[PDB]
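Report on the structure given below.
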Amino acid sequence: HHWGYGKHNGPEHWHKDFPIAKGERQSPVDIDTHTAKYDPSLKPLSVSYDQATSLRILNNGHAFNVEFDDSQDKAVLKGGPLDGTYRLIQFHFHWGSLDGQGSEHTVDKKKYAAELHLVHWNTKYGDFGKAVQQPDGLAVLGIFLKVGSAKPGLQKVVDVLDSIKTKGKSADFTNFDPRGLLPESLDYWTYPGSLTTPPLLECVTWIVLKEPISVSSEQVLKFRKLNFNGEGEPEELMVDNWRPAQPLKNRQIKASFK
Ligand SMILES: [Zn+2]
């Protein structure tokens, strides 16, 4: 009875194995633009993916992750509200059963078709495993996906999904430049949060971009062909793998714009 997104093992059941699910710094959250606070002291975000080195893409039964080589000071996230440097280790998405839903964070209750999470760990801590044990261990860049024109930089991902349909499958995924998944503007909202999947550790400084990237209906449709199940097991399409908004509980969401 492993955790999942079904009615029997979904978000509403997670607290039984991970009590922190009802904690004080849980993610995602709804971004109420009227209550968010513009902070003029917030510096521009610094995303350096020029030399990021992608390795493989795999279906872990919850989503698909594109992993990178984080052994060198390659892809790093810094600046913005951060006081340290974080290395990119992997990215994945969360999406729905229809274009009307799929994102984890919402803006004034609005849900996007999907949400991209670029995960980075603090260089003060040695590696990912050690970083998640600290309150400022991770910096996750969240980017909303809306339907419209195609996103060229996403095509390589879309095209390879048919080869890793079921849990446990993976494929070579070298030479992928994540710079192709970023919107033009880097304006953002930021707040202290957690991982949105178990163990739900409250070790994340969330940075959610104001500008969503546009992907075509054809592209997002491909996400919905994946399976939660492994090969040979009953079909369980991978859709609605998103955790709903959690109580802000007085944390303050700051923005780099009004
Ligand atoms: Zn995520």
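We use all heavy atoms of the structure for the numbers below, so side chains are in, but hydrogens, waters and symmetry mates are not. Sequential numbering from 1 along the given sequence is applied to the chain's residues.
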Suppose the criterion is salt bridge (charged side-chain N to carboxylate O under 4.0 Å, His left out): which pairs have a residue in residues 52-62, not counting sequence neighbours?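 As it turns out, there is no salt bridge (charged side-chain N to carboxylate O under 4.0 Å, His left out) pair with a partner in residues 52-62 once direct neighbours are skipped.
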
Which distance, rounded to the nearest 0.5 Å, do you find between the [atom1] of [X] and the [atom2] of [Y]?
{"X": "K254", "Y": "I207", "atom1": "NZ", "atom2": "CD1", "answer": "12.0 Å"}
{"X": "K37", "Y": "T35", "atom1": "NZ", "atom2": "OG1", "answer": "12.0 Å"}
{"X": "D162", "Y": "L226", "atom1": "CG", "atom2": "CG", "answer": "8.5 Å"}
{"X": "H105", "Y": "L209", "atom1": "NE2", "atom2": "CG", "answer": "11.5 Å"}
{"X": "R243", "Y": "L200", "atom1": "CZ", "atom2": "CG", "answer": "5.0 Å"}
{"X": "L141", "Y": "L186", "atom1": "CG", "atom2": "CG", "answer": "8.0 Å"}

Look only at the side chain of [X] and the backbone of [Y], and say whether a donor-acceptor pair between them is shorter than 3.5 Å.
{"X": "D240", "Y": "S97", "result": "yes"}
{"X": "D108", "Y": "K110", "result": "no"}
{"X": "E211", "Y": "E184", "result": "yes"}
{"X": "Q26", "Y": "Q246", "result": "no"}
{"X": "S194", "Y": "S27", "result": "yes"}
{"X": "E202", "Y": "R25", "result": "yes"}
{"X": "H92", "Y": "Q90", "result": "no"}
{"X": "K222", "Y": "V160", "result": "no"}
{"X": "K109", "Y": "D30", "result": "no"}
{"X": "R224", "Y": "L237", "result": "no"}

Give me the atom names and distance for the closest heavy-atom approach of [X] to [Y].
{"X": "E24", "Y": "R251", "result": "O-NE, 3.6 Å"}
{"X": "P178", "Y": "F176", "result": "CD-O, 3.3 Å"}
{"X": "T205", "Y": "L82", "result": "CG2-CD2, 3.6 Å"}
{"X": "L58", "Y": "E67", "result": "CD2-OE1, 3.7 Å"}
{"X": "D136", "Y": "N122", "result": "O-ND2, 3.0 Å"}
{"X": "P28", "Y": "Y191", "result": "CA-OH, 3.8 Å"}

Is the ring centre of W189 less than 6.0 Å from the ring centre of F257?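 Yes; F257 has its ring centre under 6.0 Å from that of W189.
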
Which of parallel (below 30°), tilted (30 to 60°) and perpendicular (above 60°) describes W3 and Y5?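 Correct class here is perpendicular.
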
What I'd like to find out is whether the side chain of [X] reaches to under 4.5 Å of the side chain of [Y], using heavy atoms alone.
{"X": "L77", "Y": "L88", "answer": "no"}
{"X": "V157", "Y": "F173", "answer": "yes"}
{"X": "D73", "Y": "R87", "answer": "yes"}
{"X": "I89", "Y": "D127", "answer": "no"}
{"X": "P199", "Y": "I20", "answer": "no"}
{"X": "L181", "Y": "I143", "answer": "no"}
{"X": "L195", "Y": "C203", "answer": "yes"}
{"X": "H8", "Y": "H1", "answer": "yes"}

Given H117, which partner from the list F91, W242, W206 fulfils the ring-ring contact (aromatic ring centres under 6.0 Å, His included) test? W206

Identify each donor-acceptor pair in which a side-chain atom of residues 144-155 lies under 3.5 Å from a protein atom, sequence neighbours left out, and give them as a table.
unit_1, atom_1, unit_2, atom_2, d
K146, NZ, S214, OG, 2.8
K151, NZ, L182, O, 3.2
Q155, OE1, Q219, NE2, 2.9
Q155, NE2, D159, OD1, 2.8

Just do the side chain to side chain contact (heavy atoms under 4.5 Å, CB included) check on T53 and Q72 with the steps written out, would you? CA-CA 9 Å; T53 301; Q72 206 68 295; over 6 Å; no

For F68, is the NZ or CZ atom of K74 found under 6.0 angstrom from the centre of its six-membered ring and inside 45 degrees of the ring axis?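 No, a cation-pi geometry is absent between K74 and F68.
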
Just checking [X]: does its [atom1] atom have more than 12 heavy atoms from other residues, nucleotides or ligands closer to it than 6.0 angstrom?
{"X": "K22", "atom1": "NZ", "result": "no"}
{"X": "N175", "atom1": "CG", "result": "no"}
{"X": "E12", "atom1": "CD", "result": "no"}
{"X": "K210", "atom1": "NZ", "result": "yes"}
{"X": "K225", "atom1": "NZ", "result": "yes"}
{"X": "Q51", "atom1": "CD", "result": "no"}
{"X": "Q134", "atom1": "CD", "result": "yes"}

Test of understanding: clusters of I, L, V, M, F, W, Y form through side-chain heavy atoms closer than 4.5 Å, transitively. Do [X] and [Y] belong to the same one?
{"X": "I164", "Y": "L55", "value": "no"}
{"X": "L138", "Y": "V29", "value": "yes"}
{"X": "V220", "Y": "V158", "value": "yes"}
{"X": "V132", "Y": "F18", "value": "no"}
{"X": "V204", "Y": "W121", "value": "yes"}

Given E104, which of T197, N241, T196 fulfils the side-chain hydrogen bond (donor to acceptor under 3.5 Å, both in side chains) condition?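 The option that passes is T196.
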
Partner of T190 by side chain to side chain contact (heavy atoms under 4.5 Å, CB included), out of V208, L45, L42, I253: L42

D39 side chain to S41 side chain, donor-acceptor N/O pair below 3.5 angstrom: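 Result is yes, a qualifying pair exists.
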
Is the closest side-chain donor-acceptor distance between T166 and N227 under 3.5 Å?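 There is no such pair (donor and acceptor under 3.5 Å, judged by atom type) between the side chains of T166 and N227.
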
By the ring pair (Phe, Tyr, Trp, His ring centres under 6.0 Å) test, which pairs, at least two apart or in different chains, include something from residues 221-241?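 Those involving residues 221-241 are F64-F223, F93-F223, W95-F223.
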
